[PDB]
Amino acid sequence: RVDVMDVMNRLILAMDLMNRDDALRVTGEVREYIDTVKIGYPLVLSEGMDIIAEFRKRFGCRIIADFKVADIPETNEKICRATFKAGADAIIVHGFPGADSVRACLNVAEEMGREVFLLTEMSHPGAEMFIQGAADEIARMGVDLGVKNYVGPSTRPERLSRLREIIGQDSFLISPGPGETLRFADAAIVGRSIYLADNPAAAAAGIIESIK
């Protein structure tokens, strides 16, 4: 599909290291394989929001800010604006706080020509308490709102199938990573297997060969 983003090799690097030197080094090594890097609070709080501009200027990669935005609408607006001003191409937002909080993010994205990803579900043990039960409704809330980009877990492939069912084949979906993840998701997110590898470039290359 043409109106959703193109992620090189369907593989997104989760750059979860907290040290700038380490983060830049690994990312540089895999740039021939990956053009989209997901950055979280661990790195930006440790090293500064300026690191986003650094990734983009050094490597020309797309940056997804995995900030799991989860505040009231006014605060969400401010967070999204500060994040997009720093250069992020996209931001990941929680749906649990409801439609107004999501729309606040969509508004700033509209103003600044950036993207919003709705996080529908998480896969860590405690997610079963509240998140899993809300996930389908959060996905539908996104769809009813024209959200185009989603994040789903890939510890349960069949959940991805339900999610893909709700958001349609048109929507852009990314999920952690693998063969059956990519049967549902447009791109897989990979972290440790790359950034902790003795040879990250080889690790990335290896994963892509599997993706065939």
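Residue numbers here begin at 1 and follow the sequence given.
Where residue 153 is followed by residue 154 in the displayed chain, the model omits none of the deposited residues that would sit between the two. When the C-alpha B-factors of 144-152 and 165-173 are averaged, 165-173 comes out higher. Between 119-127 and 104-112, it is 119-127 that carries the larger average Cα temperature factor according to the deposited entry. The entry assigns its greatest Cα B factor, within the set 34, 51, 160, 64, to 160. Annotation for residue 11: C-alpha temperature factor in the middle third relative to the rest of the modelled chain, per the entry. Annotation for residue 185: C-alpha temperature factor in the middle third relative to the rest of the modelled chain, per the entry.
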